[PDB]
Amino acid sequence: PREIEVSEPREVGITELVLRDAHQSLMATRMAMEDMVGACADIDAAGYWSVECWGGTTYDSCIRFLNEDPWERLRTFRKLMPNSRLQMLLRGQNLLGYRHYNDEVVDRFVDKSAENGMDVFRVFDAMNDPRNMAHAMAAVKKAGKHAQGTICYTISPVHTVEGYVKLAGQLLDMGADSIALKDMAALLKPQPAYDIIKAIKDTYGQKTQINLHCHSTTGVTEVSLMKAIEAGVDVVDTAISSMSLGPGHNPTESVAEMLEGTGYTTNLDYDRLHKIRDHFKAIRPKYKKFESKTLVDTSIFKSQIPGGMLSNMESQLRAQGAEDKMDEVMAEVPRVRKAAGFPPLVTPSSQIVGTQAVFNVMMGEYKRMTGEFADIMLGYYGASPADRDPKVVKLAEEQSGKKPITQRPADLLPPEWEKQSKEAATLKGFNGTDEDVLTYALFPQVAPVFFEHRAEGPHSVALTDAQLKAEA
């Protein structure tokens, strides 16, 4: 009988994700605003450390499918949840956009987010390249808001506890007010959860604030949450029980209840949590057309491939006849990833790698690369966790005509704000605010159609109470 050191009795902070990541993961970010605002009061009085309610795919979803202005959604939340720390997910130099943007666009986006009420900015990069997060972090500090540097967790031959402790130091070196360990594919097991959270605390000290964001996709992360807390994690992200599990997250009430008697405790009001649970439990059924159909999947521990990525490929394979070659492409991924430097397999890396893996089982190994893949191999998306296969790099140099870069990609981007400003100002509907110019800069394709319909007001693509009853 050995022994395990655990942190002193203490409160554990909880961030509620129901308003953003939960519906983004369980119902394709289609959650309408009218189905959320009725819980904002209770959520505000629940006792959460922070409430994730913006950023991520919600901006896209708002203008693309709900005819809703993300900014207006941010202002209503700021108003309905006055005492809460609002939190968002922002993908560094990419913001919530489709590409890297010149620093001047980042400054404004952060600026307006803060100005409209955002308090905590979780800045992250798919490649885990601290340089892509650098300027975003700065803008956040400039606006006097909380800058949370993010480490996208993943499993690979080059990812080690030491490798994560180093990244933490870089994030702190660039002024991170706290470090977020983000595990979107529920790959973080219990021992690793404990060792990593302990290693960071031991190296930079107990005052270092760390927030653990784990999905429940594989079904082992709630145990990791307990281990992270024993290791001393400061805040853990959860989703209200009526909106949890599956590709979602662990249950807030479940994570709050499991601690009774451990010496660890949460600052949550269970009666409030109970109102928020019922609120979404009544609403969720209307979103049945967008739910996933797998509650637990551990396959990723053997294949390194996340369901969303696996399926996306399977379709590409049928849409091209002989898909049965799935077994072949499922074996090419590991090799393609390695070539790219073992980037964490999250959007967009996951589709970039997945797709390329197909063009390797199809035409031939790198006989032809997509423009996106070539861009990763050449460094236009940043630095990889491990050096990329010089061979495949050269091949990309020859197939693209672009030369490899190794410095922060945005270092080559020219000012564009003025160019954006003018362009958006010619679209019917444009209201003149920077907010709208950002909308156009982030979604050039949708900004037009949205600016023209916005006056109609937001909508819902969910079933109506009528459609619901008429179905069953």
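Numbering starts at 1 and follows the sequence shown.
Higher mean CA B-factor, judged across 52 to 60 and 399 to 407 from the recorded values: 399 to 407. Relative to one another, 381 to 389 and 123 to 131 have unequal mean CA B-factors, and 381 to 389 is the one with the higher figure. Reading the B-factor column for the CA atoms of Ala199, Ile300, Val333, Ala136 in the entry, the top value corresponds to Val333. Highest C-alpha temperature factor among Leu317, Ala340, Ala239, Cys214, as the PDB entry reports it: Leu317. The PDB entry assigns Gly307 a C-alpha temperature factor belonging to the highest third of its chain's modelled residues. Compared with the other modelled residues of the chain, the Cα B-factor recorded for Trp417 ranks in the highest third.
Per-chain ranking of the deposited C-alpha B factor places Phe430 in the highest third. Sort the modelled residues of the chain by CA B factor and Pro157 lands in the middle third. Among the modelled residues of its chain, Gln170 has a C-alpha B-factor that falls in the middle third, as given in the PDB entry.
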